[PDB]
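**Q** Just one file: protein_18.cif, with mmCIF, C-alpha atoms (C1' of nucleotides).
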```
data_input
loop_
_atom_site.label_atom_id
_atom_site.label_comp_id
_atom_site.auth_asym_id
_atom_site.auth_seq_id
_atom_site.Cartn_x
_atom_site.Cartn_y
_atom_site.Cartn_z
CA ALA A 434 0.00 0.00 0.00
CA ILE A 435 2.73 2.46 1.00
CA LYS A 436 4.89 2.98 -2.08
CA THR A 437 8.20 4.57 -1.22
CA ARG A 438 9.05 6.31 -4.49
CA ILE A 439 6.34 8.95 -4.09
CA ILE A 440 7.89 10.17 -0.82
CA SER A 441 11.60 9.77 -1.69
CA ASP A 442 11.80 10.44 -5.44
CA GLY A 443 9.76 13.60 -4.94
CA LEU A 444 12.20 14.97 -2.35
CA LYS A 445 15.08 13.87 -4.59
CA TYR A 446 13.51 15.62 -7.59
CA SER A 447 12.74 18.86 -5.77
CA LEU A 448 16.24 19.04 -4.34
CA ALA A 449 18.09 17.80 -7.43
CA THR A 450 16.26 19.95 -9.97
CA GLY A 451 15.04 22.94 -7.98
CA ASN A 452 11.63 23.03 -9.65
CA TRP A 453 9.82 23.32 -6.36
CA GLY A 454 6.80 21.12 -6.98
CA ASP A 455 5.72 18.28 -9.27
CA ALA A 462 5.74 25.95 -9.35
CA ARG A 463 8.80 28.14 -8.80
CA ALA A 464 12.38 27.20 -9.65
CA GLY A 465 15.88 27.92 -8.43
CA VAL A 466 15.26 26.99 -4.81
CA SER A 467 17.98 24.35 -4.51
CA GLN A 468 21.08 25.57 -6.30
CA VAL A 469 24.30 23.67 -6.82
CA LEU A 470 26.84 24.70 -4.19
CA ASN A 471 29.58 27.01 -5.40
CA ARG A 472 32.97 25.54 -4.49
CA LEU A 473 35.51 27.90 -6.04
CA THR A 474 36.50 29.57 -2.78
CA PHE A 475 35.66 28.96 0.85
CA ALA A 476 34.28 32.51 0.81
CA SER A 477 32.03 31.54 -2.09
CA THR A 478 30.92 28.39 -0.29
CA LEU A 479 30.03 30.38 2.82
CA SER A 480 28.34 33.09 0.78
CA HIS A 481 26.24 30.56 -1.08
CA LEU A 482 24.97 29.05 2.17
CA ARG A 483 23.89 32.45 3.52
CA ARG A 484 21.96 33.71 0.52
CA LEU A 485 18.40 35.06 0.48
CA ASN A 486 16.21 35.09 -2.62
CA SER A 487 13.41 37.58 -3.03
CA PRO A 488 10.47 35.78 -4.68
CA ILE A 489 9.88 38.80 -6.93
CA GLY A 490 10.53 37.79 -10.50
CA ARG A 491 13.24 39.28 -12.66
CA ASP A 492 13.21 41.91 -15.50
CA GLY A 493 10.92 44.37 -13.69
CA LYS A 494 11.23 48.07 -14.42
CA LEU A 495 10.28 49.04 -10.85
CA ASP B 2 -22.33 87.01 -20.40
CA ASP B 3 -22.83 89.50 -23.23
CA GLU B 4 -19.42 91.16 -23.66
CA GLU B 5 -17.83 87.71 -23.83
CA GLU B 6 -20.26 86.72 -26.58
CA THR B 7 -19.53 89.77 -28.71
CA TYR B 8 -15.81 89.12 -28.20
CA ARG B 9 -16.25 85.51 -29.28
CA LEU B 10 -18.36 86.44 -32.31
CA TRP B 11 -15.81 89.08 -33.30
CA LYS B 12 -12.94 86.59 -33.07
CA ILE B 13 -14.87 84.04 -35.14
CA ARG B 14 -15.58 86.84 -37.65
CA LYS B 15 -11.88 87.76 -37.73
CA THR B 16 -10.74 84.17 -38.19
CA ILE B 17 -13.29 83.57 -40.96
CA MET B 18 -12.07 86.73 -42.73
CA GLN B 19 -8.47 85.51 -42.48
CA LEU B 20 -9.59 82.03 -43.58
CA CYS B 21 -11.30 83.42 -46.67
CA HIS B 22 -8.30 85.60 -47.48
CA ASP B 23 -5.83 82.73 -47.07
CA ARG B 24 -8.13 80.55 -49.16
CA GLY B 25 -7.97 83.10 -51.98
CA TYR B 26 -11.15 85.18 -51.83
CA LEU B 27 -12.26 88.78 -52.02
CA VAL B 28 -11.81 90.01 -48.46
CA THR B 29 -12.03 93.77 -47.96
CA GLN B 30 -8.98 95.18 -46.21
CA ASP B 31 -10.74 96.88 -43.30
CA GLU B 32 -12.98 93.81 -42.92
CA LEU B 33 -9.88 91.60 -42.80
CA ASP B 34 -8.82 93.28 -39.56
CA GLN B 35 -11.46 95.40 -37.88
CA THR B 36 -11.46 96.54 -34.28
CA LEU B 37 -13.74 94.88 -31.72
CA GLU B 38 -15.32 98.29 -31.17
CA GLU B 39 -15.96 98.60 -34.91
CA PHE B 40 -17.72 95.21 -34.80
CA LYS B 41 -19.75 96.37 -31.79
CA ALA B 42 -20.71 99.52 -33.68
CA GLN B 43 -21.64 97.68 -36.88
CA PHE B 44 -23.59 94.91 -35.18
CA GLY B 45 -24.86 96.09 -31.82
CA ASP B 46 -23.06 94.90 -28.65
CA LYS B 47 -25.76 92.47 -27.40
CA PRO B 48 -25.59 88.88 -28.69
CA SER B 49 -27.89 87.83 -25.84
CA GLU B 50 -31.19 88.14 -27.77
CA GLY B 51 -30.30 91.33 -29.56
CA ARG B 52 -28.79 93.07 -32.53
CA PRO B 53 -25.53 91.04 -33.18
CA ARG B 54 -27.44 87.78 -33.11
CA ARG B 55 -26.61 84.92 -35.43
CA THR B 56 -27.71 84.88 -39.13
CA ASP B 57 -27.11 88.66 -39.29
CA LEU B 58 -23.39 88.20 -40.00
CA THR B 59 -23.49 85.46 -42.65
CA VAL B 60 -20.42 86.48 -44.63
CA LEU B 61 -20.73 86.23 -48.42
CA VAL B 62 -17.40 86.38 -50.24
CA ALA B 63 -16.51 85.76 -53.88
CA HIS B 64 -13.30 84.56 -55.47
CA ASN B 65 -10.41 86.86 -56.37
CA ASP B 66 -10.64 85.63 -59.94
CA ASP B 67 -13.60 83.74 -61.45
CA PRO B 68 -16.05 85.73 -59.27
CA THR B 69 -18.91 83.26 -59.77
CA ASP B 70 -18.14 80.82 -56.94
CA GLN B 71 -18.92 81.87 -53.36
CA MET B 72 -18.98 80.20 -49.94
CA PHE B 73 -21.41 82.43 -48.03
CA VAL B 74 -20.62 81.44 -44.47
CA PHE B 75 -23.26 80.12 -42.09
CA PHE B 76 -23.82 80.68 -38.38
CA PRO B 77 -26.60 78.55 -36.87
CA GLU B 78 -28.65 79.86 -33.97
CA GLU B 79 -28.81 76.54 -32.12
CA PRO B 80 -25.83 74.84 -30.45
CA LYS B 81 -26.41 71.31 -31.76
CA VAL B 82 -27.08 71.47 -35.49
CA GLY B 83 -29.15 68.81 -37.27
CA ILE B 84 -30.46 67.84 -40.72
CA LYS B 85 -33.69 69.85 -40.53
CA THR B 86 -31.53 72.90 -39.76
CA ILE B 87 -29.01 72.37 -42.58
CA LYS B 88 -31.73 71.75 -45.16
CA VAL B 89 -32.77 75.39 -44.69
CA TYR B 90 -29.22 76.31 -45.65
CA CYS B 91 -29.50 73.87 -48.56
CA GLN B 92 -32.66 75.73 -49.57
CA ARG B 93 -30.80 79.05 -49.41
CA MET B 94 -27.97 77.57 -51.50
CA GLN B 95 -30.23 75.96 -54.13
CA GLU B 96 -31.96 79.33 -54.33
CA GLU B 97 -28.52 80.47 -55.47
CA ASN B 98 -26.18 78.87 -58.03
CA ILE B 99 -23.16 78.44 -55.73
CA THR B 100 -21.95 75.22 -54.19
CA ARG B 101 -19.40 75.93 -51.46
CA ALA B 102 -20.43 77.07 -47.96
CA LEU B 103 -19.11 76.98 -44.40
CA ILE B 104 -21.20 76.50 -41.30
CA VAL B 105 -19.80 77.43 -37.90
CA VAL B 106 -21.35 75.09 -35.36
CA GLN B 107 -21.41 75.90 -31.66
CA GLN B 108 -21.53 72.42 -30.17
CA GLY B 109 -20.97 69.19 -32.07
CA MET B 110 -22.99 68.17 -35.09
CA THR B 111 -25.39 65.25 -34.85
CA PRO B 112 -23.57 62.44 -36.72
CA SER B 113 -26.54 61.81 -39.00
CA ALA B 114 -25.99 65.37 -40.24
CA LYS B 115 -22.26 64.60 -40.52
CA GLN B 116 -23.19 61.77 -42.88
CA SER B 117 -25.65 64.13 -44.57
CA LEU B 118 -22.88 66.63 -45.39
CA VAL B 119 -21.03 63.91 -47.29
CA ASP B 120 -24.36 62.93 -48.88
CA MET B 121 -24.29 66.00 -51.24
CA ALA B 122 -20.53 66.34 -51.88
CA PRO B 123 -20.60 66.04 -55.72
CA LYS B 124 -23.61 68.38 -55.82
CA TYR B 125 -22.53 71.13 -53.42
CA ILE B 126 -19.76 71.20 -50.84
CA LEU B 127 -20.33 71.92 -47.15
CA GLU B 128 -17.59 72.30 -44.55
CA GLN B 129 -18.26 72.64 -40.83
CA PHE B 130 -16.21 74.17 -38.03
CA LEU B 131 -16.63 74.23 -34.28
CA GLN B 132 -16.33 77.47 -32.28
CA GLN B 133 -13.06 76.38 -30.69
CA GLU B 134 -11.48 75.82 -34.10
CA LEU B 135 -12.16 79.43 -35.08
CA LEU B 136 -11.10 81.31 -31.97
CA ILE B 137 -7.51 80.98 -33.22
CA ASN B 138 -6.12 81.30 -36.73
CA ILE B 139 -3.80 78.30 -36.50
CA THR B 140 -1.76 79.46 -39.49
CA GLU B 141 -0.49 82.30 -37.31
CA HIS B 142 0.99 79.79 -34.85
CA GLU B 143 4.76 79.50 -34.91
CA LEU B 144 4.66 75.71 -35.21
CA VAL B 145 2.59 75.96 -38.40
CA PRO B 146 4.72 76.71 -41.49
CA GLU B 147 3.59 78.26 -44.75
CA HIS B 148 1.08 75.99 -46.49
CA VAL B 149 0.32 76.94 -50.10
CA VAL B 150 -2.12 75.06 -52.31
CA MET B 151 -0.61 74.20 -55.68
CA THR B 152 -2.37 74.41 -59.03
CA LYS B 153 -2.67 71.32 -61.23
CA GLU B 154 -0.11 72.67 -63.71
CA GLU B 155 2.41 73.05 -60.89
CA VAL B 156 1.62 69.49 -59.78
CA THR B 157 2.36 68.22 -63.30
CA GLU B 158 5.57 70.27 -63.30
CA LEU B 159 6.51 68.82 -59.90
CA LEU B 160 5.88 65.18 -60.82
CA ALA B 161 7.56 65.60 -64.19
CA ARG B 162 10.67 67.18 -62.69
CA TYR B 163 11.14 64.70 -59.86
CA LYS B 164 9.93 61.78 -62.07
CA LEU B 165 7.70 60.46 -59.29
CA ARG B 166 4.00 59.70 -58.95
CA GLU B 167 1.24 60.97 -56.68
CA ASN B 168 1.49 57.67 -54.80
CA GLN B 169 5.05 58.53 -53.75
CA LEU B 170 4.70 61.99 -52.19
CA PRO B 171 4.49 62.24 -48.40
CA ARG B 172 0.90 62.79 -47.60
CA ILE B 173 -1.55 64.60 -45.38
CA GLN B 174 -4.94 63.79 -43.91
CA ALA B 175 -8.12 65.24 -45.35
CA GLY B 176 -9.30 66.00 -41.81
CA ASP B 177 -6.05 67.80 -41.07
CA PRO B 178 -6.99 71.15 -39.44
CA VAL B 179 -4.74 73.09 -41.80
CA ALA B 180 -6.19 71.08 -44.70
CA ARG B 181 -9.64 71.84 -43.30
CA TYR B 182 -8.56 75.49 -43.05
CA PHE B 183 -7.66 75.67 -46.73
CA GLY B 184 -10.55 73.35 -47.60
CA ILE B 185 -8.55 71.17 -49.95
CA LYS B 186 -10.05 67.99 -51.36
CA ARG B 187 -8.39 64.63 -51.95
CA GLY B 188 -5.51 64.62 -54.42
CA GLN B 189 -4.32 68.23 -54.29
CA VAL B 190 -0.62 68.77 -53.59
CA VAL B 191 0.25 71.35 -50.93
CA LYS B 192 3.67 72.92 -50.98
CA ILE B 193 4.97 73.76 -47.52
CA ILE B 194 7.71 76.32 -47.00
CA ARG B 195 9.46 76.04 -43.66
CA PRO B 196 12.74 77.45 -42.33
CA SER B 197 15.38 74.82 -41.72
CA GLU B 198 18.35 75.37 -39.43
CA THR B 199 20.61 73.41 -41.80
CA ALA B 200 19.71 74.83 -45.22
CA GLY B 201 17.74 78.01 -44.61
CA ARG B 202 14.58 77.06 -46.46
CA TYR B 203 12.92 73.74 -47.22
CA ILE B 204 9.92 73.23 -49.47
CA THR B 205 8.18 69.93 -48.91
CA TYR B 206 5.05 68.72 -50.63
CA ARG B 207 1.97 66.99 -49.25
CA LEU B 208 -0.47 65.26 -51.55
CA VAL B 209 -3.84 64.88 -49.84
CA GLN B 210 -5.11 61.45 -48.82
CA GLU C 818 23.44 63.02 9.94
CA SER C 819 20.07 61.39 10.58
CA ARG C 820 18.79 61.91 7.05
CA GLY C 821 21.83 60.86 5.04
CA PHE C 822 24.28 63.75 4.81
CA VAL C 823 27.81 62.38 4.99
CA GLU C 824 30.28 64.87 6.38
CA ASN C 825 33.30 62.58 6.21
CA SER C 826 35.46 62.02 3.15
CA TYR C 827 36.83 58.85 1.61
CA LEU C 828 40.22 59.65 3.10
CA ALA C 829 38.85 59.67 6.62
CA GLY C 830 36.24 56.97 6.07
CA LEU C 831 32.56 56.82 6.92
CA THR C 832 30.83 56.09 10.20
CA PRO C 833 28.51 53.02 9.99
CA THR C 834 25.31 55.02 9.58
CA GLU C 835 27.04 57.04 6.85
CA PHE C 836 28.34 53.80 5.37
CA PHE C 837 24.82 52.41 5.17
CA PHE C 838 23.34 55.59 3.69
CA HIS C 839 26.18 55.64 1.16
CA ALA C 840 25.39 52.02 0.31
CA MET C 841 21.78 53.08 -0.29
CA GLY C 842 22.81 55.74 -2.80
CA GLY C 843 25.11 53.26 -4.50
CA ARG C 844 22.34 50.65 -4.70
CA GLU C 845 20.18 53.27 -6.41
CA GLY C 846 22.94 53.81 -8.97
CA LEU C 847 23.37 50.09 -9.65
CA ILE C 848 19.60 49.62 -9.96
CA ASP C 849 19.58 52.41 -12.56
CA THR C 850 22.45 50.80 -14.48
CA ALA C 851 20.91 47.31 -14.42
CA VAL C 852 17.36 48.36 -15.34
CA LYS C 853 18.39 50.84 -18.08
CA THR C 854 19.92 48.26 -20.42
CA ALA C 855 16.92 46.28 -21.71
CA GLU C 856 14.70 49.31 -22.29
CA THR C 857 17.41 51.21 -24.16
CA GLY C 858 18.19 48.18 -26.32
CA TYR C 859 14.52 47.75 -27.17
CA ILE C 860 14.23 51.44 -28.13
CA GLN C 861 17.26 50.97 -30.42
CA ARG C 862 15.69 47.88 -31.99
CA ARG C 863 12.36 49.61 -32.68
CA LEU C 864 14.11 52.66 -34.17
CA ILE C 865 16.25 50.57 -36.52
"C1'" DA D 1 2.53 -11.32 -7.50
"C1'" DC D 2 4.71 -8.10 -10.21
"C1'" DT D 3 6.86 -6.06 -14.07
"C1'" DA D 4 7.49 -3.86 -18.00
"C1'" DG D 5 4.97 -1.95 -21.58
"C1'" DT D 6 1.57 1.69 -22.28
"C1'" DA D 7 -0.53 6.27 -22.25
"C1'" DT D 8 -1.07 11.31 -20.61
"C1'" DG D 9 1.59 41.21 -4.84
"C1'" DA D 10 5.13 44.22 -7.34
"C1'" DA D 11 2.83 44.63 -17.07
"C1'" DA D 12 1.36 48.07 -19.52
"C1'" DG D 13 -1.10 49.82 -23.53
"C1'" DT D 14 -3.88 49.63 -27.59
"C1'" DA D 15 -7.53 48.04 -30.34
"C1'" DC D 16 -11.90 46.04 -31.06
"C1'" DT D 17 -16.54 44.76 -29.75
"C1'" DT D 18 -20.66 45.32 -27.26
"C1'" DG D 19 -24.06 47.89 -24.85
"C1'" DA D 20 -26.47 51.94 -23.72
"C1'" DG D 21 -28.21 56.33 -24.66
"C1'" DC D 22 -29.82 59.99 -27.56
"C1'" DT D 23 -31.87 61.90 -31.64
"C1'" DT D 24 -34.63 61.70 -35.66
"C1'" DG D 25 -38.28 59.97 -38.45
"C1'" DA D 26 -42.57 57.90 -39.13
"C1'" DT E 1 -44.84 58.76 -28.84
"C1'" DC E 2 -42.29 54.85 -30.14
"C1'" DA E 3 -38.82 52.47 -32.62
"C1'" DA E 4 -34.63 52.17 -35.03
"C1'" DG E 5 -30.11 53.54 -36.03
"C1'" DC E 6 -25.79 55.51 -35.01
"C1'" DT E 7 -22.16 57.05 -31.95
"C1'" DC E 8 -19.54 56.99 -27.85
"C1'" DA E 9 -17.64 54.95 -23.85
"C1'" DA E 10 -16.22 51.14 -21.20
"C1'" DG E 11 -14.53 46.61 -20.62
"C1'" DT E 12 -12.01 42.74 -22.03
"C1'" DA E 13 -8.47 40.36 -24.56
"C1'" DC E 14 -4.06 39.85 -26.98
"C1'" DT E 15 1.16 40.93 -27.88
"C1'" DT E 16 5.57 42.33 -26.69
"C1'" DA E 17 9.45 43.02 -22.88
"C1'" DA E 18 19.00 43.43 -24.69
"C1'" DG E 19 23.17 41.94 -27.21
"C1'" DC E 20 26.61 38.09 -27.41
"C1'" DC E 21 29.24 34.20 -24.55
"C1'" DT E 22 30.88 30.37 -20.75
"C1'" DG E 23 29.89 26.67 -17.38
"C1'" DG E 24 26.69 22.84 -14.67
"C1'" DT E 25 22.70 19.27 -13.48
"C1'" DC E 26 18.83 16.60 -15.00
"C1'" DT E 27 15.21 14.52 -17.96
"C1'" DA E 28 8.09 11.18 -15.64
"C1'" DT E 29 4.99 8.59 -13.08
"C1'" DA E 30 0.74 5.44 -12.64
"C1'" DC E 31 -1.10 1.24 -13.94
"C1'" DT E 32 -2.74 -2.94 -15.99
"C1'" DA E 33 -2.46 -6.50 -18.66
"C1'" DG E 34 0.51 -10.02 -18.87
"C1'" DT E 35 3.03 -13.07 -17.68
#
```
Is it possible to express this structure as structure tokens?
**A**
Amino acid sequence: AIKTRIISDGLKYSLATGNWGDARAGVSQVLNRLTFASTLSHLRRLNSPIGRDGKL
Amino acid sequence: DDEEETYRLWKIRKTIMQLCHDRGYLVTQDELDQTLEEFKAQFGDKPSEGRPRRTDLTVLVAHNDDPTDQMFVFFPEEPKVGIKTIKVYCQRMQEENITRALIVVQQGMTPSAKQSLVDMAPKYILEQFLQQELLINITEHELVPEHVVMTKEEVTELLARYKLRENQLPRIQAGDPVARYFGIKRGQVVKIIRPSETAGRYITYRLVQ
Amino acid sequence: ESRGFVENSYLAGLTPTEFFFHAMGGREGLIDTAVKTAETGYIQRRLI
DNA sequence: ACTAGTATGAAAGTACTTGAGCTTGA
DNA sequence: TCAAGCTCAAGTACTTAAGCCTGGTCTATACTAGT
């Protein structure tokens, strides 16, 4: 009755792809490992949900 | 108000005199620029149900050559003109032998009468103008350059010199307020002299479409 | 000093409130530079 | 069972169409 | 006085939003015969 792919493959898809759903994208980004400063700055990053290319 | 009305009627009279003179008519020189006080003396200083009422100052002018054609200008009493009002003017025109005329409407025309004006255009031509169009001679404005209607011989000379057709000239609307001022019909090239800051003078041409 | 006037120079350096107000003015400049580009390029495309 | 194949908030502006109101004609 | 026609205004729907370039990661799931 309990199939395990619907609860594990969904988490794996939403973290591996970043398409946050089956909605928005870019939630889980690949970690930036050029510099330890870049690694720290990628783990402390906030994203405004406002979309891009706005003239305001 | 009554002084405001005689001022407004005098400015419409002045602009119609300048319109007839720029269109190429017999306009008497003192009539072409009279004083407001001269208008008040000649007509009576009370447009509010008095002596300078409408239909007293219907200006009849003839042409500077070929003095047969005339456009004896109309001033309706009512604000909103209609067909049963313009057919009285049609009766006054068919009493005559002359086909051009100008009516000066106060408010807007009923659009059935707008269609009616086009409904006798090969027979006899009627132009209409609102009061706000004739409180300012727009050819005196500094943005408006010198428009001159060209004769058909000059159009043939133009197209034969530049080896181009009437399809190729830059064009102008028929409902253009300067085109309405000169009363030009479709297909009638208008030379336009304007000062240019890079050559001095530039004469462009506007065929009417 | 409360409303954003910076009385220090870049040789002396800014106090933290003046640093933050200066960062606000700079963010306004970068927003102008980043938003200008697409609209100016589209005006150029329409004109050509 | 079970397995693989099968099937489905924080755009802006312009133009066109529809509805309502006003005027004219019968 | 009523009906029809024409014009104007309002509401709704459709089309576009920089130029080039370099990297990466990841790509269905549910089911039903068909053994």
**Q** Do you have the atom CA of residue B:106-atom CA of residue B:122 distance handy?
**A**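 Result for atom CA of residue B:106 versus atom CA of residue B:122: 18.7 Å, one decimal.
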**Q** Determine, using only C-alpha atoms (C1' of nucleotides), which residues of chain E have any atom at most 12 Å from an atom of chain B, and tabulate each with its shortest atom pair and distance in Å to one decimal place, rows ordered by chain and then rising number, as a Markdown table.
**A**
```
| residue | atom | partner | partner_atom | distance |
| --- | --- | --- | --- | --- |
| E:5 | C1' | B:113 | CA | 9.5 |
| E:6 | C1' | B:112 | CA | 7.5 |
| E:7 | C1' | B:112 | CA | 7.3 |
| E:8 | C1' | B:112 | CA | 11.2 |
```
**Q** Which chain A residues have any atom within 9 Å of an atom of stretch 11-32 of chain E, and for each, what is the nearest pair of atoms with distance in Å to one decimal, counting all atoms listed in the file, rows sorted by chain and number, as CSV?
**A**
```
residue,atom,partner,partner_atom,distance
A:449,CA,E:26,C1',7.7
A:450,CA,E:26,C1',6.6
A:469,CA,E:25,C1',8.1
A:492,CA,E:17,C1',8.4
```
**Q** Mind writing the picked residues with C-alpha atoms as a PDB file, in the coordinates of the input?
**A**
```
ATOM      1  CA  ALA A 449      18.090  17.800  -7.430  1.00  0.00           C
ATOM      2  CA  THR A 450      16.260  19.950  -9.970  1.00  0.00           C
ATOM      3  CA  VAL A 469      24.300  23.670  -6.820  1.00  0.00           C
ATOM      4  CA  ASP A 492      13.210  41.910 -15.500  1.00  0.00           C
TER       5      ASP A 492
END
```
**Q** Would you work out the distance separating atom CA of residue A:447 from atom CA of residue A:466, expressed in Å to one decimal?
**A**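 These two atoms are separated by 8.6 Å.
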**Q** Applied to this file, what does the PyMOL selection byres ((chain D and resi 20) around 10) return in terms of residues, put as a short mmCIF file (atom, residue, chain, number, x, y, z; two decimals) with C-alpha atoms (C1' of nucleotides), in the frame of the given file?
**A**
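Result went into out_15.cif, see below:
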```cif
data_model
loop_
_atom_site.label_atom_id
_atom_site.label_comp_id
_atom_site.auth_asym_id
_atom_site.auth_seq_id
_atom_site.Cartn_x
_atom_site.Cartn_y
_atom_site.Cartn_z
"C1'" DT D 18 -20.66 45.32 -27.26
"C1'" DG D 19 -24.06 47.89 -24.85
"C1'" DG D 21 -28.21 56.33 -24.66
"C1'" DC D 22 -29.82 59.99 -27.56
"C1'" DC E 8 -19.54 56.99 -27.85
"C1'" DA E 9 -17.64 54.95 -23.85
#
```
**Q** Determine the residue set returned by the PyMOL selection byres ((chain D) within 9 of (chain A)) for the present structure, and present it as a PDB file with C-alpha atoms (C1' of nucleotides), in the frame of the given file.
**A**
```
ATOM      1  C1'  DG D   9       1.590  41.210  -4.840  1.00  0.00           C
ATOM      2  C1'  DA D  10       5.130  44.220  -7.340  1.00  0.00           C
ATOM      3  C1'  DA D  11       2.830  44.630 -17.070  1.00  0.00           C
TER       4       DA D  11
END
```
**Q** Please identify all polymer residues within 8 Å of stretch 40-48 of chain B, counting only C-alpha atoms (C1' of nucleotides), omitting same-chain residues fewer than 2 positions from it, and present them as a PDB file with C-alpha atoms, in the frame of the given file.
**A**
```
ATOM      1  CA  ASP B   3     -22.830  89.500 -23.230  1.00  0.00           C
ATOM      2  CA  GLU B   4     -19.420  91.160 -23.660  1.00  0.00           C
ATOM      3  CA  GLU B   6     -20.260  86.720 -26.580  1.00  0.00           C
ATOM      4  CA  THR B   7     -19.530  89.770 -28.710  1.00  0.00           C
ATOM      5  CA  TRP B  11     -15.810  89.080 -33.300  1.00  0.00           C
ATOM      6  CA  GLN B  35     -11.460  95.400 -37.880  1.00  0.00           C
ATOM      7  CA  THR B  36     -11.460  96.540 -34.280  1.00  0.00           C
ATOM      8  CA  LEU B  37     -13.740  94.880 -31.720  1.00  0.00           C
ATOM      9  CA  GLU B  38     -15.320  98.290 -31.170  1.00  0.00           C
ATOM     10  CA  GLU B  50     -31.190  88.140 -27.770  1.00  0.00           C
ATOM     11  CA  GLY B  51     -30.300  91.330 -29.560  1.00  0.00           C
ATOM     12  CA  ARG B  52     -28.790  93.070 -32.530  1.00  0.00           C
ATOM     13  CA  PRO B  53     -25.530  91.040 -33.180  1.00  0.00           C
ATOM     14  CA  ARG B  54     -27.440  87.780 -33.110  1.00  0.00           C
ATOM     15  CA  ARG B  55     -26.610  84.920 -35.430  1.00  0.00           C
TER      16      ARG B  55
END
```
**Q** Save stretch 147-158 of chain B to disk from that block, N, CA, C and O atoms included, as an mmCIF file, in the first residue's frame.
**A**
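The result, stored in decode_0.cif:
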```cif
data_model
loop_
_atom_site.group_PDB
_atom_site.id
_atom_site.type_symbol
_atom_site.label_atom_id
_atom_site.label_comp_id
_atom_site.auth_asym_id
_atom_site.auth_seq_id
_atom_site.Cartn_x
_atom_site.Cartn_y
_atom_site.Cartn_z
ATOM 1 N N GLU B 147 4.406 77.652 -43.711
ATOM 2 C CA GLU B 147 3.586 78.260 -44.753
ATOM 3 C C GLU B 147 3.051 77.180 -45.682
ATOM 4 O O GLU B 147 3.798 76.621 -46.487
ATOM 5 N N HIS B 148 1.757 76.888 -45.570
ATOM 6 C CA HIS B 148 1.077 75.988 -46.491
ATOM 7 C C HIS B 148 0.536 76.785 -47.665
ATOM 8 O O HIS B 148 -0.123 77.808 -47.470
ATOM 9 N N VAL B 149 0.806 76.315 -48.876
ATOM 10 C CA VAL B 149 0.324 76.938 -50.099
ATOM 11 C C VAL B 149 -0.240 75.839 -50.981
ATOM 12 O O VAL B 149 0.461 74.874 -51.302
ATOM 13 N N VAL B 150 -1.506 75.981 -51.366
ATOM 14 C CA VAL B 150 -2.122 75.060 -52.308
ATOM 15 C C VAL B 150 -1.499 75.246 -53.685
ATOM 16 O O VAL B 150 -1.253 76.377 -54.125
ATOM 17 N N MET B 151 -1.219 74.142 -54.367
ATOM 18 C CA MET B 151 -0.612 74.195 -55.685
ATOM 19 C C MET B 151 -1.659 73.947 -56.761
ATOM 20 O O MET B 151 -2.574 73.142 -56.588
ATOM 21 N N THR B 152 -1.508 74.641 -57.884
ATOM 22 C CA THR B 152 -2.371 74.407 -59.029
ATOM 23 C C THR B 152 -1.984 73.098 -59.706
ATOM 24 O O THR B 152 -0.909 72.548 -59.473
ATOM 25 N N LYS B 153 -2.878 72.609 -60.568
ATOM 26 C CA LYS B 153 -2.669 71.323 -61.228
ATOM 27 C C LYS B 153 -1.500 71.366 -62.198
ATOM 28 O O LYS B 153 -0.801 70.357 -62.367
ATOM 29 N N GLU B 154 -1.268 72.520 -62.829
ATOM 30 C CA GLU B 154 -0.115 72.673 -63.710
ATOM 31 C C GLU B 154 1.186 72.574 -62.927
ATOM 32 O O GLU B 154 2.153 71.955 -63.392
ATOM 33 N N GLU B 155 1.216 73.150 -61.723
ATOM 34 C CA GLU B 155 2.408 73.050 -60.891
ATOM 35 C C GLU B 155 2.598 71.639 -60.363
ATOM 36 O O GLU B 155 3.736 71.215 -60.153
ATOM 37 N N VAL B 156 1.510 70.892 -60.180
ATOM 38 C CA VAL B 156 1.624 69.492 -59.784
ATOM 39 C C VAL B 156 2.212 68.664 -60.917
ATOM 40 O O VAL B 156 3.072 67.806 -60.690
ATOM 41 N N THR B 157 1.771 68.916 -62.156
ATOM 42 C CA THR B 157 2.356 68.222 -63.302
ATOM 43 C C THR B 157 3.826 68.573 -63.469
ATOM 44 O O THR B 157 4.646 67.695 -63.759
ATOM 45 N N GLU B 158 4.177 69.844 -63.248
ATOM 46 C CA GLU B 158 5.574 70.269 -63.303
ATOM 47 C C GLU B 158 6.407 69.593 -62.224
ATOM 48 O O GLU B 158 7.531 69.151 -62.485
#
```
